[PDB]
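Chemist: One structure follows; several queries about it will come next.
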Amino acid sequence: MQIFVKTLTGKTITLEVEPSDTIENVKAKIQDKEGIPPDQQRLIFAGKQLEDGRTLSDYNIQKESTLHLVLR
Amino acid sequence: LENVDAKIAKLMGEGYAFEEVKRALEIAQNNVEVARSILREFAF
C-alpha cells in the first residue's frame with residue numbers, strides 16, 4: 001500500500017509499505033529514496049512521534065496516510 | 001482540519017523537542033504564533 005511523507009521543505013515522498021512494516025523499516029525506505037540516515041529522522045502522525053520497533057499498523061496508519069518528517 | 005501534525009513538525013523544526021511542542025500547541029489551542037512564544041520563553 002502507499003503512504004506519504006511530507007517534509008518541511010515542501011516535498012511529498014511516496015513510500016511502498018505493508019501494514020506490518022516497522023517504523024525503522026519506513027526510515028530505511030526514506031533513506032533509500034532521499035539519502036537521510038534513519039537516526040536523523042523524526043516521524044509524526046496523529047499527534048504522536050513514531051517509535052522504531054512498532055509497526056505502521058500499531059499506529060492505525062492506513063493506506064494514503066500522510067506522515068510528517070522532521071530532521072534532527 | 002486544524003493542521004496539527006504539520007504544526008508540530010514546523011515547531012519541532014525550529015529546534016524544539018516533540019513533547020515540548022505537543023504541550024505548547026495544547027496550551028496555545030493550536031495557535032502556532034502563541035505556541036512559538038511559549039517555546040522561546042521557557043526554553044532550557
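Residue numbering restarts at 1 in every chain; chains get A, B, ... in the order shown in the C-alpha cells, and ligands count up from 1 in that same order.
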Name the residues in contact with residue 56 in chain A at a cut-off of 9 Å, using only C-alpha atoms, excluding same-chain residues fewer than 6 positions from it; report them as a VMD selection string.
Modeler: chain A and resid 17 to 23 26 50 62
Chemist: Pull out every residue of chain B that has at least one atom within 9 Å of chain A, counting only C-alpha atoms, and report them as a list in words.
Modeler: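 Within 9 Å of chain A on chain B, we get residues 4, 5, 6, 8, 9, 10, 12, 13, 15, 18, 19 and 22 of chain B.
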Chemist: With only C-alpha atoms as the counted atoms, please give the residues lying no more than 8 Å from residue 4 in chain A, apart from itself and same-chain residues fewer than 3 positions off, as number ranges by chain.
Modeler: A: 12-15, 64-67
Chemist: If I take CA of residue 32 in chain A and CA of residue 61 in chain A, how far is one from the other in Å, to one decimal?
Modeler: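 About the pair CA of residue 32 in chain A and CA of residue 61 in chain A: they are 20.8 Å apart.
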Chemist: If you run DSSP on the backbone, which residues of chain A are strand (DSSP E or B), as a short mmCIF file (atom, residue, chain, number, x, y, z; two decimals) with N, CA, C and O atoms, in the first residue's frame?
Modeler:
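Final file, result-v3.cif:
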```cif
data_model
loop_
_atom_site.label_atom_id
_atom_site.label_comp_id
_atom_site.auth_asym_id
_atom_site.auth_seq_id
_atom_site.Cartn_x
_atom_site.Cartn_y
_atom_site.Cartn_z
N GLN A 2 0.33 2.38 -0.26
CA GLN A 2 1.13 3.60 -0.32
C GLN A 2 0.85 4.49 0.88
O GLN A 2 -0.28 4.59 1.35
N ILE A 3 1.90 5.11 1.39
CA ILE A 3 1.72 6.21 2.34
C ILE A 3 2.58 7.37 1.84
O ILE A 3 3.47 7.18 0.99
N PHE A 4 2.31 8.56 2.37
CA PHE A 4 3.06 9.76 2.02
C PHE A 4 3.82 10.30 3.21
O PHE A 4 3.38 10.18 4.33
N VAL A 5 4.95 10.93 2.92
CA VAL A 5 5.75 11.61 3.95
C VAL A 5 6.04 13.03 3.46
O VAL A 5 6.68 13.22 2.44
N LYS A 6 5.50 14.00 4.19
CA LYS A 6 5.68 15.43 3.90
C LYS A 6 6.89 15.95 4.65
O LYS A 6 7.01 15.71 5.86
N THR A 12 6.79 15.94 -0.95
CA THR A 12 5.95 14.77 -0.62
C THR A 12 6.61 13.51 -1.20
O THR A 12 6.72 13.34 -2.43
N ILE A 13 7.06 12.64 -0.30
CA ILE A 13 7.69 11.37 -0.65
C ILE A 13 6.59 10.30 -0.61
O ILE A 13 5.82 10.27 0.33
N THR A 14 6.51 9.46 -1.63
CA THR A 14 5.56 8.33 -1.60
C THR A 14 6.34 7.06 -1.30
O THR A 14 7.40 6.80 -1.90
N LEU A 15 5.83 6.27 -0.35
CA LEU A 15 6.52 5.04 0.03
C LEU A 15 5.61 3.87 -0.28
O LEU A 15 4.39 4.00 -0.17
N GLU A 16 6.23 2.76 -0.64
CA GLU A 16 5.57 1.46 -0.80
C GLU A 16 5.79 0.64 0.48
O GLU A 16 6.92 0.30 0.82
N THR A 22 7.81 -2.03 10.19
CA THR A 22 8.21 -1.26 11.38
C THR A 22 8.55 0.15 11.02
O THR A 22 8.88 0.42 9.88
N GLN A 41 16.01 11.12 11.43
CA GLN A 41 14.61 11.23 11.03
C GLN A 41 13.71 11.22 12.27
O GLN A 41 13.84 10.37 13.16
N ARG A 42 12.78 12.16 12.34
CA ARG A 42 11.68 12.02 13.30
C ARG A 42 10.39 12.02 12.50
O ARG A 42 10.20 12.90 11.64
N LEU A 43 9.52 11.04 12.76
CA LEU A 43 8.21 10.93 12.08
C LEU A 43 7.03 11.15 13.05
O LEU A 43 6.96 10.56 14.14
N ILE A 44 6.11 11.99 12.61
CA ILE A 44 4.96 12.45 13.38
C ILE A 44 3.71 11.97 12.63
O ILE A 44 3.56 12.21 11.43
N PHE A 45 2.80 11.33 13.35
CA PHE A 45 1.50 11.04 12.78
C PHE A 45 0.48 11.04 13.90
O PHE A 45 0.69 10.43 14.97
N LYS A 48 1.45 11.94 17.47
CA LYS A 48 2.41 11.01 18.07
C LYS A 48 3.74 11.00 17.33
O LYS A 48 3.78 11.20 16.10
N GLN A 49 4.83 10.80 18.07
CA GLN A 49 6.13 10.61 17.44
C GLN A 49 6.33 9.10 17.34
O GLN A 49 6.21 8.38 18.32
N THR A 55 5.01 -0.93 14.47
CA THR A 55 4.69 -1.00 13.05
C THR A 55 3.74 0.11 12.67
O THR A 55 3.16 0.77 13.53
N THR A 66 -0.70 10.39 5.64
CA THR A 66 0.43 11.31 5.43
C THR A 66 1.17 11.47 6.76
O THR A 66 0.59 11.92 7.75
N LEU A 67 2.43 11.08 6.78
CA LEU A 67 3.31 11.30 7.93
C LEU A 67 4.08 12.61 7.72
O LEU A 67 4.26 13.03 6.55
N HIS A 68 4.52 13.23 8.82
CA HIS A 68 5.36 14.41 8.72
C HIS A 68 6.78 14.12 9.24
O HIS A 68 6.97 13.62 10.36
N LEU A 69 7.76 14.42 8.39
CA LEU A 69 9.17 14.18 8.72
C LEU A 69 9.85 15.45 9.20
O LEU A 69 9.70 16.51 8.61
N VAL A 70 10.62 15.33 10.28
CA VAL A 70 11.48 16.43 10.74
C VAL A 70 12.88 15.87 10.89
O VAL A 70 13.07 14.77 11.42
N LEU A 71 13.86 16.64 10.45
CA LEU A 71 15.23 16.18 10.53
C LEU A 71 15.81 16.61 11.88
O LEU A 71 15.34 17.59 12.52
#
```
Chemist: Pick out the residues sitting within 8 Å of residue 24 in chain A, and hand them over as number ranges by chain; count only C-alpha atoms, and ignore anything fewer than 5 positions along from it in its own chain.
Modeler: A: 38, 52-53
Chemist: Taking N, CA, C and O atoms for each residue, export the selection above as a compact mmCIF listing (two decimals), in the first residue's frame.
Modeler:
```txt
# COMPACT_ATOMS: atom_id res chain seq x y z
N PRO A 38 18.37 6.98 8.97
CA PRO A 38 17.33 6.74 9.96
C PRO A 38 17.49 7.53 11.27
O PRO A 38 16.50 7.97 11.83
N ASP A 52 10.62 3.28 16.75
CA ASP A 52 11.28 2.39 15.76
C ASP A 52 10.79 0.96 15.68
O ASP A 52 10.71 0.40 14.58
N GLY A 53 10.53 0.34 16.84
CA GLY A 53 10.22 -1.10 16.86
C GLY A 53 8.76 -1.45 16.63
O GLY A 53 8.42 -2.64 16.51
```
Chemist: I'd like to know which residues of chain A are helix (DSSP H, G or I) (by DSSP, run on the backbone); could you write them as an MDAnalysis selection string?
Modeler: chainID A and resid 23:34 38:40 57:59
Chemist: Could you pull the residues within 8 Å of range 31-36 of chain B, counting only C-alpha atoms, minus those fewer than 6 positions along the same chain, as a ChimeraX atom specification?
Modeler: /B:7,11,21,24-25
Chemist: Mind dumping the selected residues with N, CA and C atoms as a PDB file, in the first residue's frame?
Modeler:
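out11.pdb, written as the output of this step:
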```pdb
ATOM      1  N   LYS B   7       1.753  21.433  12.141  1.00  0.00           N
ATOM      2  CA  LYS B   7       2.146  22.461  13.126  1.00  0.00           C
ATOM      3  C   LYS B   7       3.179  21.910  14.122  1.00  0.00           C
ATOM      4  N   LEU B  11       7.136  23.461  14.287  1.00  0.00           N
ATOM      5  CA  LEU B  11       7.764  23.960  15.512  1.00  0.00           C
ATOM      6  C   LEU B  11       8.926  23.090  15.995  1.00  0.00           C
ATOM      7  N   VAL B  21       6.743  20.610  22.104  1.00  0.00           N
ATOM      8  CA  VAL B  21       5.936  21.208  21.029  1.00  0.00           C
ATOM      9  C   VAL B  21       4.475  20.790  21.180  1.00  0.00           C
ATOM     10  N   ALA B  24       3.106  22.688  24.169  1.00  0.00           N
ATOM     11  CA  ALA B  24       2.895  24.124  23.830  1.00  0.00           C
ATOM     12  C   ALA B  24       1.688  24.357  22.902  1.00  0.00           C
ATOM     13  N   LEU B  25       1.503  23.499  21.893  1.00  0.00           N
ATOM     14  CA  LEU B  25       0.351  23.658  20.986  1.00  0.00           C
ATOM     15  C   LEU B  25      -0.963  23.455  21.719  1.00  0.00           C
TER      16      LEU B  25
END
```
Chemist: Pick from A:39, A:1, A:31, A:11: nearest to residue 51 in chain A, with only C-alpha atoms counted?
Modeler: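 The answer is A:39, which sits nearest to residue 51 in chain A.
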Chemist: Please, what distance in Å, to one decimal, runs between CA of residue 59 in chain A and CA of residue 29 in chain A?
Modeler: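 Between these atoms lies a distance of 18.0 Å.
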